[PDB]
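Below you'll find only one chain, the form deposited in one PDB entry, shown as structure tokens.
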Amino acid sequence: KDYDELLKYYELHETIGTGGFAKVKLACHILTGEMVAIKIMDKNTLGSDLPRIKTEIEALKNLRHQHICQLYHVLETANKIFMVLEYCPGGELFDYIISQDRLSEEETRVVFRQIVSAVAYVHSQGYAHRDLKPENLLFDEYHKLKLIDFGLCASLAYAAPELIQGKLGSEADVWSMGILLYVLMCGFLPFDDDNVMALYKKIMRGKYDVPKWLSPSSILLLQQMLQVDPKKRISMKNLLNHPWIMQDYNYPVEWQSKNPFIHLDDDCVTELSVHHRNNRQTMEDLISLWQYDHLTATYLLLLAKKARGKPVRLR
């Protein structure tokens, strides 16, 4: 019944993950043949969370970035909310780290500059992510990273001491990025314990193992990101051009969106109007409402073809 609405536009394939208050399924958008990821949430189960879902959705509508997984379509039915997202066939950074054991400093840098890019942009737009971890970072077709899961934007192992103590959202995301940096280069958490309060204690103390394979510059950067006092912690600003970050690149992290929505793409508009046998101007006007309905999804998925060098064409 709920699925009747979705199945007008998508063929549903297998579940690819489950995360707290949602399951995500692989799917194909019937009109463009593009694969997508559909986040499915039941409104009734966890009904008081629905406000944080609703603001996650509006946040995503204001994020458009080369390292942020794109929202295409929101469908609300009687009992469900369905969010159609850019599909990242490379899967989770988490599983990539498992298979490699740990990344070299060179490859960590490549990956980490993408993460800093996404997060600095999120902050530039006035948000904090607040659940940065390797399950929330995916590899797309080109092995580029895409940040997902804005359900807590405004677990324990990645949470900053000040956030734990209920006391600074920018600074807290930097701490989390430090935990991520550590995990990339080391392949295990800097603070970990079976007992949650003992984990808390270790976080508050700020002491962690420094493995033998870490370079002095890496060790310094970790020290600066993992300051328990947020006032002493490196700020986002200084992370973007940190010497460790700058090694082999020689320019600071490029955080600004490279793909911003300026004017409508003539060719996507033209293809829709021709395909729907509709007046080109009505089509422009209707696309310009930006409802995140099936027309928006189709438009955006055509834009995505264009940016992957595929012909802008409907079937």
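By rigid core we mean the largest C-alpha set that fits within 1.5 Å across both forms. Don't overthink the numbering: it's just position in the shown sequence, from 1.
Keep in mind the form deposited in another entry is missing from the figure; the text below concerns it.
Rigid core superposed: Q256 CA moves 2 Å or more between the shown form and the other one: Superposed on the core, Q256 moves its C-alpha less than 2 Å between the shown form and the other one.
Taking the rigid core as the superposition reference, indicate whether the CA of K61 shifts 2 angstroms or more between the shown form and the other one. No.
Using the core for the fit, does the CA position of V274 change by 2 Å or more between the shown form and the other one? It does, since the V274 C-alpha is displaced 2 Å or more between the shown form and the other one after the core fit.
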